[PDB]
Each structure stands twice: as structure tokens, then as C-alpha cells.
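Below you'll find the structure, written out as C-alpha cells, and then a few comments.
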Amino acid sequence: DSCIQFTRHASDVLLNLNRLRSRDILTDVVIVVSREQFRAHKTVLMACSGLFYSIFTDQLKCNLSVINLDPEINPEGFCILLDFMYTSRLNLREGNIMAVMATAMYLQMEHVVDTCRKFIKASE
Amino acid sequence: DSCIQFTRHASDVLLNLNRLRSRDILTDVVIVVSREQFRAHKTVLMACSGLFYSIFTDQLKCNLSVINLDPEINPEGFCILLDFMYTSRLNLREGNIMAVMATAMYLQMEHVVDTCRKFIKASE
Amino acid sequence: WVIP
Amino acid sequence: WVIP
Ligand SMILES: N#Cc1c(Cl)ncnc1Nc1ccc2c(c1)CC(=O)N2
Ligand SMILES: N#Cc1c(Cl)ncnc1Nc1ccc2c(c1)CC(=O)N2
Ligand SMILES: [Cl-]
Ligand SMILES: [Cl-]
Ligand SMILES: [Cl-]
Ligand SMILES: [Cl-]
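Chains as they are written, first to last, in my numbering: chain A, 1 to 124; chain B, 125 to 248; chain C, 249 to 252; chain D, 253 to 256.
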């Protein structure tokens with residue numbers, strides 16, 4: 001086509017989606033990770049995670065308002081990844097890398113798994 | 125913070141949101157523009173448009189599944205802007221610029237209004 | 249705005 | 253990935 005493109009559009013959309021999340025506006029699911037709960041938008045979760053894409057395209061699970069993650073999933077690891085989904089920013093630290101990598105593997109977030117593997121290999 | 129950032133994340137999220145829209149997955153509103161109907165995600169509309177941000181933060185209108193636009197709004201103009209919302213790509217042409225600009229003004233999409241004004245000024 |  |  002003969003379209004023009006607004007460079008910052010995708011980033012501005014994501015910033016507003018994060019603002020809606022922070023204000024609990026039109027959030028439609030709560031992700032339960034052991035004792036912790038995280039409110040989010042199903043569409044953002046699906047757009048970022050192979051696991052959530054699978055769950056919310058399921059004819060029964062698409063209608064659930066609560067999703068309980070595997071008890072082995074670390075809440076801080078999930079929190080870091082949820083923030084990444086809504087911002088493109090990953091808070092990767094020596095103290096959380098193993099939990100972040102395991103959570104990204106479970107959530108099927110290939111690019112996160114990739115940088116975790118690379119950061120781990122550099123420290124060995 | 126000490127975060128790392130994935131450059132293509134925002135663009136990849138938007139691409140997946142557009143894929144969900146094309147497959148009518150978790151769309152939660154229909155925008156009626158005279159004889160035409162457009163299915164979308166309220167969160168994406170709010171993230172792109174001052175008008176939709178106002179409508180879906182309203183305590184009564186947030187719960188509506190149908191939104192009827194002003195009868196003066198051109199369906200093709202709306203279609204072009206809806207595509208822009210989900211892609212960052214604006215199909216701006218001599219034959220549609222007036223309708224696109226009027227629709228962007230109504231929807232409160234300042235950056236679109238700006239490029240329309242600039243393209244019009246260049247042709248006078 | 250750019251030519252993509 | 254980059255340093256933002
Ligand atoms: N929502 C949506 C969606 C669609 Cl529509 N099409 C294709 N993938 C989608 N999302 C999704 C699937 C697999 C993975 C990710 C996202 C990130 C990753 O590492 N794996
Ligand atoms: N959703 C959301 C949203 C939030 Cl949370 N905060 C601030 N603006 C939001 N969206 C929104 C408001 C005004 C305009 C646009 C988008 C594009 C434009 O030209 N005007
Ligand atoms: Cl439920
Ligand atoms: Cl990822
Ligand atoms: Cl309704
Ligand atoms: Cl805009």
C-alpha cells in the first residue's frame with residue numbers, strides 16, 4: 001500500500017494500556033500466583049504469551065475471570081514478566097534471573113527466555 | 125531502574141492485537157457508523173482516541189456493547205482510522221483526506237489531525 | 249510520520 | 253534487547 005506510519009504509535013498504545021492496568025480500568029481477569037493476585041487485560045496477556053494465547057482462545061477458558069497458575073510459579077517472577085508485557089522493560093537482576101527464566105518458559109515468552117539464557121551463559 | 129528493553133515488543137503486541145481483531149477474538153464492542161458496523165477491543169479504542177477514552181471511562185457507557193457514532197461520520201474514514209489504531213499505518217489519499225481529518229477530529233486523534241493539516245497545506 |  |  002501507499003500508507004504513512006506514525007513511529008511512536010505502538011509505544012503510545014502500550015503506555016495507555018499500562019495506564020489502564022494501573023487504574024484497574026476494563027481489566028477482565030485476575031491471575032492467581034499462589035498467595036498473590038494480578039489484575040490484567042486478557043488481550044494484552046494473549047498478545048505477549050503463548051500460554052495465555054492458548055488459554056483465552058479455549059472455548060471454555062476464554063470466559064473465566066480467574067486463572068490459577070502452577071504452584072511452582074514465583075509471584076515476583078510473574079510480576080516482573082507482567083510489567084514487561086505492559087512496558088517492553090524487563091527488570092532482570094542476578095537475584096531474580098532464575099525465577100524470571102522459569103516463569104518466561106512456562107508463559108511461553110521466547111524473547112525473554114533468550115535474554116535470560118544469554119545473561120546466564122555470560123556469568124558462567 | 126536497571127531494566128533492559130525489547131525494541132520490537134510494542135510493535136509485536138499491536139500486531140497480535142490486530143490478529144485478534146481480524147479473527148473477532150475477545151472483541152467487546154461494535155462501533156456503528158451509519159449503515160456500517162466495526163468490531164473492536166474497547167481497550168485499544170481508548171488507548172488511541174480521546175473520544176473512546178472518555179466514553180469507556182464513563183460509569184454507564186463502559187458497559188455498552190454497541191456505540192453509535194454521529195451520523196455525519198464517514199464509514200470509510202472510520203475504517204481507515206480503526207486500521208491505523210491497530211497497525212500505526214494510515215491510508216491517507218487525496219480522495220479520503222477530508223473524511224479522515226474530520227473523523228480524526230471527532231475521535232480526538234491529534235497526531236492524525238496534524239498530518240492531515242500538513243498534507244492539505246502542502247496541496248494549496 | 250514516516251514512509252514505512 | 254537494549255539499554256533504554
Ligand atoms: N494474541 C495473540 C497471538 C496471535 Cl493472534 N497470533 C500469534 N501469537 C499470539 N500470541 C502469542 C503466541 C505465542 C507467543 C507469544 C505470543 C510470545 C511468544 O514468545 N510466544
Ligand atoms: N486509554 C487511555 C488513555 C489514558 Cl489511560 N490516559 C491518557 N490518554 C488515553 N487515551 C487517549 C486520550 C486522549 C487522546 C488519545 C488517547 C490520542 C489523542 O490524540 N488524544
Ligand atoms: Cl471464573
Ligand atoms: Cl517475549
Ligand atoms: Cl448495548
Ligand atoms: Cl493519533
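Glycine included, C-beta positions come from ideal geometry on N, C-alpha and C.
Residue-chain proximity (residue i, chain D), Cβ-Cβ < 7 Å
| i | result |
| --- | --- |
| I128 of chain B | yes |
| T131 of chain B | yes |
Unbroken alpha helix (DSSP H) run spanning residue i, endpoints
| i | result |
| --- | --- |
| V156 of chain B | Careful: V156 of chain B lies outside any alpha helix (DSSP H), inside the beta strand (DSSP E) at 153 to 157. |
| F202 of chain B | 199 to 211 |
| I191 of chain B | That residue, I191 of chain B, is in no alpha helix (DSSP H); its beta strand (DSSP E) goes 190 to 192. |
| residue 72 of chain B | With chain B running from 125 to 248 in the structure shown, residue 72 of chain B is simply not present. |
| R19 of chain A | 9 to 22 |
| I55 of chain A | 50 to 57 |
| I221 of chain B | 221 to 231 |
Partners in chain A for residue i, counting only beta-carbon separations shorter than 9 Å
| i | result |
| --- | --- |
| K166 of chain B | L26 |
Under 7 Å from the C-beta of residue i: neighbouring residues of chain A
| i | result |
| --- | --- |
| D125 of chain B | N91 |
Neighbour flag for residue i against chain A, beta carbons, 7 Å
| i | result |
| --- | --- |
| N198 of chain B | no |
| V137 of chain B | yes |
Residue range of the unbroken beta strand (DSSP E) whose run includes residue i
| i | result |
| --- | --- |
| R39 of chain A | 36 to 40 |
Partners in chain B for residue i, counting only beta-carbon separations shorter than 9 Å
| i | result |
| --- | --- |
| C79 of chain A | The contacting residues do not exist; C79 of chain A stays about 13 Å from chain B at best. |
Closer than 8 Å at the beta carbon, the chain A residues around residue i
| i | result |
| --- | --- |
| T227 of chain B | What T227 of chain B touches in chain A: nothing, since even the nearest Cβ is about 16 Å away. |
C-beta neighbour in chain B for residue i, strict 7 Å
| i | result |
| --- | --- |
| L17 of chain A | yes |
Per-residue contacts from residue i into chain B (C-beta, under 7 Å)
| i | result |
| --- | --- |
| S88 of chain A | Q129, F130, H133, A134 |
| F56 of chain A | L150 |
Nearest-angstrom beta carbon gap, residue j and residue i [assumed within contact, 8 Å]
| i | j | result |
| --- | --- | --- |
| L169 of chain B | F176 of chain B | 4 Å |
| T115 of chain A | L92 of chain A | 7 Å |
| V156 of chain B | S189 of chain B | So it is not a contact: roughly 11 Å between Cβ atoms. |
| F84 of chain A | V112 of chain A | 7 Å |
| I204 of chain B | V224 of chain B | 5 Å |
Contacts of residue i in chain B (Cβ-Cβ under 8 Å)
| i | result |
| --- | --- |
| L20 of chain A | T167, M170, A171 |
| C116 of chain A | Correct list: empty, because the minimum Cβ distance to chain B is about 10 Å. |
Discussion item. Does the structure place the segment 162 to 178 of chain B close enough to the segment 76 to 92 of chain A that three or more beta carbon pairs sit under 8 Å?
Written reply: Short answer: they don't touch.
Worksheet item: On the three-pair Cβ rule with 8 Å, is the segment 140 to 156 of chain B touching the segment 102 to 111 of chain A?
Response: When C-beta atoms of the segment 140 to 156 of chain B are compared with those of the segment 102 to 111 of chain A, fewer than three pairs fall below 8 Å, so the two segments do not count as touching.
Worksheet item: Between the segment 131 to 139 of chain B and the segment 9 to 17 of chain A, do at least 3 Cβ pairs fall closer than 8 Å?
Response: Result yes; three or more Cβ-Cβ pairs closer than 8 Å.
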